[PDB]
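To begin, one chain is listed below as structure tokens, in the form deposited in one PDB entry.
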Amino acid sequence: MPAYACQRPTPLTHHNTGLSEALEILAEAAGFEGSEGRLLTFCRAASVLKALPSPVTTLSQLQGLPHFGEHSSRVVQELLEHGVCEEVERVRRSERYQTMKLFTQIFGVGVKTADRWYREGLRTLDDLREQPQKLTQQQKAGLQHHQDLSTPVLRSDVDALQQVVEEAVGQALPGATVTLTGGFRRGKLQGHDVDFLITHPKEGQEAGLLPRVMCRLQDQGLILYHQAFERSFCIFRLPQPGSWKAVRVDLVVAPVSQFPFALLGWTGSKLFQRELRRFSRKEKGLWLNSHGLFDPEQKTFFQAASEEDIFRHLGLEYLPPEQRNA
């Protein structure tokens, strides 16, 4: 079992969901308490289980696996022996976990904001609505549309949204393209949002594109919330039969020179990309982001025509998007 998640295939459907979900509760809780290192370990351990070919039935099957130490092993041991881990259940049932999950699920609210509200005694969404002065415009939008934003986005929604984004993009710039990224490109059937990457084959023609796209969407009544810019984290008014629902949509524009790097970064998973960037820097001495791959000693950027090119320049076996579900 390779130690980095970018060195192994992780399919969407795997064989250890019970174990991985328990470890991911501990990771989430570690985040709520401000320990990003513990969060990362528990996430990495859960991800290792997703990459295994068969169900773990015996604690012996963990020996030698990366990111399993005393704590993650004890969690698995108790789930195998008893079907429940006391620590996981305590966190699950705790007022702090439940409230931090509730608040951080809001668009515009992260851990530090949720923790402050928790410390102020706030506990419910209605508590927040009762104190609108304490909210940014982004948080106001997140709370206003929270019910819809909690409804899974389905493929039919994606296809309808792709059509209206393509229409606006084509009106704004002939020849520009729209690529579905995020979890749907990895094969997910559902999501919390839809992610789109926009470019143009002629370098530089995409300058100023995203404001023009947003204006065209806003004039068709499709925009409920949005913030020079190249990323827009939006809420769309998606038509439905006889009505509409709010959907989160992320739009990003990249020049075509950067498109493989942006496609790779925005296709995820989040853990896959953090692990790939860690691998790049720590094992290969190269700096990876959604713009490029930089060699800091020659002071040069690697020219890539595809995601495959990037994997190859990092000395990694290529993984298609459906195997990046780390």
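Take the two forms, superpose them, and find the largest set of C-alpha atoms that agree within 1.5 Å; that set is the rigid core. One rule holds for the numbers: they count along the sequence shown, beginning at 1.
The segment from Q227 to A228 is interrupted, since 10 or more residues of the deposited sequence in that interval carry no coordinates. Stretch comparison (205 to 213 versus 124 to 132) by mean CA B-factor in the PDB entry places 124 to 132 on top. Here 64 to 72 and 286 to 294 are compared by their mean Cα B-factor, and 64 to 72 comes out higher. The entry assigns its greatest Cα B factor, within the set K188, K245, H82, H192, to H82. Set against one another, the Cα B-factors of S156, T181, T199, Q162 in the record reach their highest point at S156.
Among the modelled residues of its chain, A51 has a C-alpha B-factor that falls in the middle third, as given in the PDB entry. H145: CA B factor lies in the lowest third for its chain, per the PDB record.
In the deposited entry, the Cα temperature factor of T267 sits in the bottom third of values across the chain's modelled residues. Among the modelled residues of the chain, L12 sits in the highest third by CA temperature factor in this PDB entry. Among all modelled residues in this chain, the alpha-carbon of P321 has a temperature factor (C-alpha) in the lowest third.
From this point on, the text means the form deposited in another entry, which you will not see here.
The one residue among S94, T124, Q220, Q131 whose Cα position changes by 2 Å or more between the shown form and the other one, with the core held fixed by superposition, is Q220.
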